[PDB]
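Just one chain is shown here, as structure tokens, and it is the form deposited in one PDB entry.
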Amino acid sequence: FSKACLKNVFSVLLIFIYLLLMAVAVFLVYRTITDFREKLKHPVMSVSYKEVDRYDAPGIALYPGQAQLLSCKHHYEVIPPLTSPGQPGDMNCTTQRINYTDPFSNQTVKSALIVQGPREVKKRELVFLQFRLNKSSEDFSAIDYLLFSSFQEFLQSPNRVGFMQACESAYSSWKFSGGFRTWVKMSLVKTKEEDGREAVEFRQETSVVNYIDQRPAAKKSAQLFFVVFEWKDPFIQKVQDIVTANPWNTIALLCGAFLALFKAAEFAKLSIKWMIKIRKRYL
């Protein structure tokens, strides 16, 4: 009746209390393990993928030098035929300009043009950029570009100079050539270091397409650069410490270890009792 129900309730709450205590002990051991692992250098890391409905707009830092940005536009899955190559027109995108001292030599000041990238991967959104360089005594006509995760973070950055140097430290620098159109499909990788900081890196796939110049031969001295930026897939890659990335495996291992210790203690007590009984029976 009432007494049996009260006893059952007391037993259930005591079970819950002991479960809470066991969870606390297991969590403390896991916290100790993670604290030890965080101070290791070069640990083994695991990989995971996560799908996104829409991407945060990335930042494309271009280094045209003397080349003038002729045109930048947003398109969906297709680029309409060029109205007049080599002519300025239709320049309407979110762009910023930043000068910063190169972190590797300190002799050269890099001037970068930051462009907001595309967001809608599931609609094949494209950012199409056209540059024109009048003349250059240098060989290997190319424009260098760099990719970073967020344009908004750069916009609200307190420094905006150390941000660009930190971006240059990342391994996301490439070049695209003149006289060609480069289709770039970018992929996002995020690595979680033991300090808690996130390092963002970009993979790329490229398609290089020759450009046919029907402009007059007198106008062929200038060089035209065409580049297209889009997201390859809605999957973001995440590299994280193998123990920290999957806490549940370590929790299961620790629970098994504790239960094994309890079992071993019970067997030791049983063996002690057995030996005591054997000694008593013998003498």
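The first residue of the sequence shown is number 1, and the count goes up from there. Between two forms, the rigid core is the largest collection of C-alphas that superpose within 1.5 Å.
As for the form deposited in another entry, it is not shown, yet the points below apply to it.
Student: Where does the C-alpha shift reach 2 Å or more between this form and the one not shown among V243, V227, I60, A67, given a fit on the rigid core?
Tutor: The residue that shifts is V243.
Student: Checking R97 here: with the core superposed, does its CA move 2 Å or more between this form and the one not shown?
Tutor: After core superposition, the displacement of the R97 C-alpha between this form and the one not shown stays below 2 Å, so no.
Student: With both forms fit on the core, has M186 moved 2 Å or more by CA between this form and the one not shown?
Tutor: No, because once the rigid core is superposed, the C-alpha of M186 moves less than 2 Å between this form and the one not shown.
Student: Does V121 shift between this form and the one not shown by 2 angstroms or more at the C-alpha, the core having been superposed?
Tutor: No, because once the rigid core is superposed, the C-alpha of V121 moves less than 2 Å between this form and the one not shown.
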